[PDB]
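What follows is a short report on a single structure.
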Amino acid sequence: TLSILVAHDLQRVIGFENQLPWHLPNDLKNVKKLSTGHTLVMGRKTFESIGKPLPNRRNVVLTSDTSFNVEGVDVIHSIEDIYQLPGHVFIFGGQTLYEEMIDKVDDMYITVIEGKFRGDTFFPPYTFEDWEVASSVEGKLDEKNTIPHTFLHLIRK
Ligand SMILES: NC(=O)c1ccc[n+]([C@@H]2O[C@H](COP(=O)([O-])OP(=O)(O)OC[C@H]3O[C@@H](n4cnc5c(N)ncnc54)[C@H](OP(=O)(O)O)[C@@H]3O)[C@@H](O)[C@H]2O)c1
Ligand SMILES: CCc1nc(N)nc(N)c1C#CCc1cc(-c2ccc(C(=O)O)cc2)ccc1OC
């Protein structure tokens, strides 16, 4: 399976100055749940902002940099390389990866952040005419998660 994994706000903002615009532990928890034991594919900028591979899953980084060789990370240099990765592969961002892959993935796990943040990077526009809502779950708010959010699983029609 090839899946997109993303959190975007009401205007499809996904990032600002190479960081997430919001603080949402429940979403990080869900990312961990979804991707542990599987594969994350991310663009070079997204990887550098995280700064190290995420534990207990395969980390794959797409870059044109022939010098890229980071411990605990597998490097690929072409979009086509993604299709050779075994198992459940999650496209983990950032904007360039989402734009390059949104027309190819099987399904999308999207956390809709119900706010309007300042952003400089975006998830591409999409229509629910193309995607079935397999599930939609309101995130629980608390002291540490204070922005309303909804977990979607969308499957291509
Ligand atoms: N909200 C979310 O769910 C989420 C998730 C992930 C990321 N983000 C955000 O997304 C933003 C970053 O997105 P971005 O578009 O600026 O960068 P990005 O997609 O993370 O990385 C871009 C880089 O990926 C490499 N790349 C992409 N396509 C390639 C291809 N076909 N062949 C070879 N290399 C390729 C290139 O690296 P080289 O220049 O090294 O060749 C390119 O410069 C950040 O703000 C981050 O916080 C948000
Ligand atoms: C966790 C935010 C997020 N949510 C969803 N639903 N899908 C995604 N693809 C990403 C993402 C991402 C990239 C990213 C992750 C992290 C990050 C932070 C904490 C944890 C963790 O505690 O597990 C994991 C990833 C940090 C920066 C960063 O880019 C700036």
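Following the order of the structure tokens, chains are lettered A, B, ..., residues in each are numbered from 1, and ligands are numbered from 1.
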Q. Tell me, which residues of chain A carry DSSP helix (DSSP H, G or I), written as a count of residues only?
A. 31
Counting only C-alpha atoms and all ligand atoms, what are the residues of chain A within 9 Å of ligand 2, and for each of them which pair of atoms is the nearest and at what distance in Å, to one decimal? Sort the table by chain and rising number, as CSV.
residue,atom,partner,partner_atom_place_in_ligand_line,distance
A:4,CA,ligand 2,9 (N),7.8
A:5,CA,ligand 2,7 (N),4.5
A:6,CA,ligand 2,7 (N),3.3
A:7,CA,ligand 2,6 (N),4.1
A:8,CA,ligand 2,6 (N),7.9
A:14,CA,ligand 2,11 (C),8.5
A:15,CA,ligand 2,30 (C),7.0
A:16,CA,ligand 2,30 (C),8.4
A:17,CA,ligand 2,30 (C),8.7
A:18,CA,ligand 2,30 (C),5.4
A:19,CA,ligand 2,30 (C),3.9
A:20,CA,ligand 2,30 (C),5.1
A:21,CA,ligand 2,30 (C),8.8
A:22,CA,ligand 2,2 (C),8.9
A:23,CA,ligand 2,2 (C),9.0
A:24,CA,ligand 2,1 (C),7.9
A:25,CA,ligand 2,22 (O),7.4
A:27,CA,ligand 2,4 (N),5.6
A:28,CA,ligand 2,1 (C),4.4
A:29,CA,ligand 2,23 (O),6.5
A:30,CA,ligand 2,6 (N),7.0
A:31,CA,ligand 2,6 (N),5.6
A:32,CA,ligand 2,23 (O),5.9
A:40,CA,ligand 2,9 (N),8.7
A:42,CA,ligand 2,13 (C),8.1
A:45,CA,ligand 2,29 (O),8.2
A:46,CA,ligand 2,29 (O),4.9
A:47,CA,ligand 2,29 (O),7.0
A:48,CA,ligand 2,30 (C),8.2
A:49,CA,ligand 2,30 (C),5.1
A:50,CA,ligand 2,27 (C),4.5
A:51,CA,ligand 2,27 (C),8.3
A:54,CA,ligand 2,24 (C),6.7
A:55,CA,ligand 2,23 (O),8.4
A:90,CA,ligand 2,9 (N),8.4
A:91,CA,ligand 2,9 (N),7.3
A:92,CA,ligand 2,9 (N),4.1
A:93,CA,ligand 2,9 (N),5.6
A:94,CA,ligand 2,13 (C),7.2
A:109,CA,ligand 2,6 (N),6.9
A:110,CA,ligand 2,6 (N),5.9
A:111,CA,ligand 2,6 (N),5.2
A:112,CA,ligand 2,6 (N),8.5
A:151,CA,ligand 2,6 (N),8.2
Selected residues written out, C-alpha atoms, as an mmCIF file, in the first residue's frame:
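Wrote again36.cif, looks like this:
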data_model
loop_
_atom_site.group_PDB
_atom_site.id
_atom_site.type_symbol
_atom_site.label_atom_id
_atom_site.label_comp_id
_atom_site.auth_asym_id
_atom_site.auth_seq_id
_atom_site.Cartn_x
_atom_site.Cartn_y
_atom_site.Cartn_z
ATOM 1 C CA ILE A 4 -0.195 9.924 2.064
ATOM 2 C CA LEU A 5 0.240 10.982 5.710
ATOM 3 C CA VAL A 6 -0.309 14.707 6.404
ATOM 4 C CA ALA A 7 -1.746 17.286 8.787
ATOM 5 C CA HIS A 8 -3.128 20.429 7.121
ATOM 6 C CA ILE A 14 1.231 22.231 6.216
ATOM 7 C CA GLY A 15 4.292 24.201 7.314
ATOM 8 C CA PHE A 16 6.014 27.477 8.097
ATOM 9 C CA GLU A 17 9.767 28.145 8.003
ATOM 10 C CA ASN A 18 10.453 24.404 7.792
ATOM 11 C CA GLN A 19 8.475 23.601 10.948
ATOM 12 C CA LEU A 20 4.899 22.599 11.847
ATOM 13 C CA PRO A 21 2.762 25.673 12.594
ATOM 14 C CA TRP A 22 0.900 23.932 15.465
ATOM 15 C CA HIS A 23 1.662 21.906 18.593
ATOM 16 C CA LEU A 24 -0.493 18.777 18.594
ATOM 17 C CA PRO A 25 0.734 15.718 20.563
ATOM 18 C CA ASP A 27 -1.379 13.910 15.978
ATOM 19 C CA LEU A 28 2.250 12.922 16.607
ATOM 20 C CA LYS A 29 0.885 9.966 18.564
ATOM 21 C CA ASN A 30 -1.263 9.015 15.581
ATOM 22 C CA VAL A 31 1.654 9.338 13.173
ATOM 23 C CA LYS A 32 3.661 7.007 15.422
ATOM 24 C CA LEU A 40 8.219 6.834 5.837
ATOM 25 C CA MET A 42 10.108 12.296 3.025
ATOM 26 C CA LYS A 45 13.942 19.581 3.755
ATOM 27 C CA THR A 46 11.396 17.763 5.891
ATOM 28 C CA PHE A 47 14.065 15.328 7.013
ATOM 29 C CA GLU A 48 16.557 18.040 7.959
ATOM 30 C CA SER A 49 13.977 19.840 10.061
ATOM 31 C CA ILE A 50 13.223 16.645 11.989
ATOM 32 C CA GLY A 51 16.982 16.287 12.264
ATOM 33 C CA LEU A 54 12.188 8.502 13.559
ATOM 34 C CA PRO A 55 12.594 5.361 15.711
ATOM 35 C CA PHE A 90 3.705 6.433 3.827
ATOM 36 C CA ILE A 91 4.449 9.628 1.884
ATOM 37 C CA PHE A 92 5.364 11.898 4.791
ATOM 38 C CA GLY A 93 5.861 15.273 3.040
ATOM 39 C CA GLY A 94 6.708 17.997 2.498
ATOM 40 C CA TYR A 109 -4.491 9.762 6.241
ATOM 41 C CA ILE A 110 -5.204 13.447 6.764
ATOM 42 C CA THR A 111 -5.428 15.274 10.076
ATOM 43 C CA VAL A 112 -7.516 18.393 9.411
ATOM 44 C CA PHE A 151 -8.566 12.399 11.648
#
**Q.** Contacts of residue A:9 within 6 Å, only C-alpha atoms, excl. fewer than 3 positions in-chain, as a ChimeraX atom specification
**A.** /A:12-13,112-115
Residues from the last selection, N, CA, C and O atoms, saved as a PDB file, in the first residue's frame:
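As a result, selection.pdb now contains:
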ATOM      1  N   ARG A  12      -5.252  24.424   3.981  1.00  0.00           N
ATOM      2  CA  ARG A  12      -4.266  23.439   3.527  1.00  0.00           C
ATOM      3  C   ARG A  12      -2.807  23.841   3.808  1.00  0.00           C
ATOM      4  O   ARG A  12      -1.904  23.285   3.204  1.00  0.00           O
ATOM      5  N   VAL A  13      -2.580  24.756   4.749  1.00  0.00           N
ATOM      6  CA  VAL A  13      -1.219  25.004   5.237  1.00  0.00           C
ATOM      7  C   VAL A  13      -0.677  23.710   5.856  1.00  0.00           C
ATOM      8  O   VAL A  13      -1.401  23.044   6.594  1.00  0.00           O
ATOM      9  N   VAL A 112      -7.070  17.031   9.694  1.00  0.00           N
ATOM     10  CA  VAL A 112      -7.516  18.393   9.411  1.00  0.00           C
ATOM     11  C   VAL A 112      -7.439  19.196  10.691  1.00  0.00           C
ATOM     12  O   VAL A 112      -8.095  18.870  11.688  1.00  0.00           O
ATOM     13  N   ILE A 113      -6.586  20.214  10.682  1.00  0.00           N
ATOM     14  CA  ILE A 113      -6.437  21.105  11.818  1.00  0.00           C
ATOM     15  C   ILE A 113      -7.453  22.231  11.609  1.00  0.00           C
ATOM     16  O   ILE A 113      -7.351  22.985  10.643  1.00  0.00           O
ATOM     17  N   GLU A 114      -8.412  22.371  12.514  1.00  0.00           N
ATOM     18  CA  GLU A 114      -9.531  23.281  12.282  1.00  0.00           C
ATOM     19  C   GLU A 114      -9.188  24.709  12.718  1.00  0.00           C
ATOM     20  O   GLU A 114      -9.838  25.286  13.596  1.00  0.00           O
ATOM     21  N   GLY A 115      -8.163  25.272  12.080  1.00  0.00           N
ATOM     22  CA  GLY A 115      -7.720  26.629  12.342  1.00  0.00           C
ATOM     23  C   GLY A 115      -7.094  27.239  11.089  1.00  0.00           C
ATOM     24  O   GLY A 115      -6.933  26.553  10.086  1.00  0.00           O
TER      25      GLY A 115
END
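Restricting the calculation to only C-alpha atoms, the smallest distance between residue A:116 and any of A:10, A:137, A:2, A:75 is found for A:10.
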Q.
For the strand (DSSP E or B) assignment from backbone DSSP, which residues of stretch 11-130 of chain A qualify? Please present them as a ChimeraX atom specification.
A. /A:13-16,19,39-43,58-62,74-76,89-91,107-113,121-122
Take the selection from the previous step and output its residues with N, CA and C atoms, as a CSV table (one decimal), in the first residue's frame.
chain,number,residue,atom,x,y,z
A,13,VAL,N,-2.6,24.8,4.7
A,13,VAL,CA,-1.2,25.0,5.2
A,13,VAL,C,-0.7,23.7,5.9
A,14,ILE,N,0.6,23.4,5.6
A,14,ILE,CA,1.2,22.2,6.2
A,14,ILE,C,2.5,22.6,7.0
A,15,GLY,N,3.0,23.8,6.7
A,15,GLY,CA,4.3,24.2,7.3
A,15,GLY,C,4.6,25.7,7.3
A,16,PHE,N,5.5,26.1,8.1
A,16,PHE,CA,6.0,27.5,8.1
A,16,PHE,C,7.5,27.5,8.5
A,19,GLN,N,9.0,24.2,9.7
A,19,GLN,CA,8.5,23.6,10.9
A,19,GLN,C,7.0,23.4,10.9
A,39,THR,N,7.2,2.1,6.6
A,39,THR,CA,8.1,3.0,5.9
A,39,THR,C,7.6,4.4,5.8
A,40,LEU,N,8.5,5.4,6.1
A,40,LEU,CA,8.2,6.8,5.8
A,40,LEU,C,9.1,7.3,4.7
A,41,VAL,N,8.5,8.0,3.7
A,41,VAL,CA,9.3,8.6,2.6
A,41,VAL,C,9.1,10.1,2.8
A,42,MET,N,10.2,10.8,2.9
A,42,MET,CA,10.1,12.3,3.0
A,42,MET,C,11.1,13.0,2.2
A,43,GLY,N,10.8,14.3,1.8
A,43,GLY,CA,11.7,15.1,1.1
A,43,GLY,C,12.9,15.5,2.0
A,58,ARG,N,11.3,2.3,8.9
A,58,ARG,CA,12.2,2.6,7.9
A,58,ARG,C,12.0,4.1,7.5
A,59,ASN,N,13.1,4.8,7.6
A,59,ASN,CA,13.2,6.2,7.1
A,59,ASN,C,13.8,6.3,5.7
A,60,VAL,N,13.1,6.8,4.7
A,60,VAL,CA,13.6,7.0,3.4
A,60,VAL,C,13.6,8.4,3.0
A,61,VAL,N,14.7,9.0,2.5
A,61,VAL,CA,14.8,10.4,2.2
A,61,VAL,C,15.0,10.6,0.7
A,62,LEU,N,14.2,11.3,0.1
A,62,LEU,CA,14.3,11.7,-1.4
A,62,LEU,C,15.1,13.0,-1.5
A,74,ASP,N,17.7,5.5,4.7
A,74,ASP,CA,17.9,5.0,3.3
A,74,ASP,C,17.7,6.2,2.4
A,75,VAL,N,18.5,6.4,1.4
A,75,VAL,CA,18.4,7.5,0.4
A,75,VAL,C,17.8,7.0,-0.9
A,76,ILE,N,16.9,7.8,-1.5
A,76,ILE,CA,16.5,7.5,-2.9
A,76,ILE,C,16.7,8.9,-3.6
A,89,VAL,N,4.0,1.8,2.6
A,89,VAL,CA,4.8,3.0,2.5
A,89,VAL,C,4.0,4.3,2.7
A,90,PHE,N,4.4,5.2,3.6
A,90,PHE,CA,3.7,6.4,3.8
A,90,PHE,C,4.5,7.6,3.3
A,91,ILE,N,3.9,8.4,2.4
A,91,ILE,CA,4.4,9.6,1.9
A,91,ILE,C,4.3,10.7,3.0
A,107,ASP,N,-4.4,5.8,-0.8
A,107,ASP,CA,-5.2,6.4,0.2
A,107,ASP,C,-4.5,7.5,0.9
A,108,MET,N,-5.2,8.3,1.7
A,108,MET,CA,-4.6,9.4,2.4
A,108,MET,C,-5.1,9.4,3.9
A,109,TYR,N,-4.1,9.5,4.8
A,109,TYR,CA,-4.5,9.8,6.2
A,109,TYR,C,-4.2,11.2,6.5
A,110,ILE,N,-5.3,12.0,6.7
A,110,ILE,CA,-5.2,13.4,6.8
A,110,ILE,C,-5.7,13.9,8.1
A,111,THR,N,-4.9,14.6,8.9
A,111,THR,CA,-5.4,15.3,10.1
A,111,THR,C,-5.8,16.7,9.7
A,112,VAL,N,-7.1,17.0,9.7
A,112,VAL,CA,-7.5,18.4,9.4
A,112,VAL,C,-7.4,19.2,10.7
A,113,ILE,N,-6.6,20.2,10.7
A,113,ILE,CA,-6.4,21.1,11.8
A,113,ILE,C,-7.5,22.2,11.6
A,121,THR,N,4.0,26.7,3.1
A,121,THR,CA,3.9,25.5,2.3
A,121,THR,C,2.6,24.9,2.5
A,122,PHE,N,2.1,24.2,1.5
A,122,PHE,CA,0.7,23.8,1.4
A,122,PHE,C,0.5,22.4,0.8
Q: List the neighbours of residue A:155 out to 10 Å using only C-alpha atoms; skip same-chain residues closer than 5 positions along the sequence, and give me the result as a PyMOL selection string.
A: chain A and resi 3+105-109+128+130-135
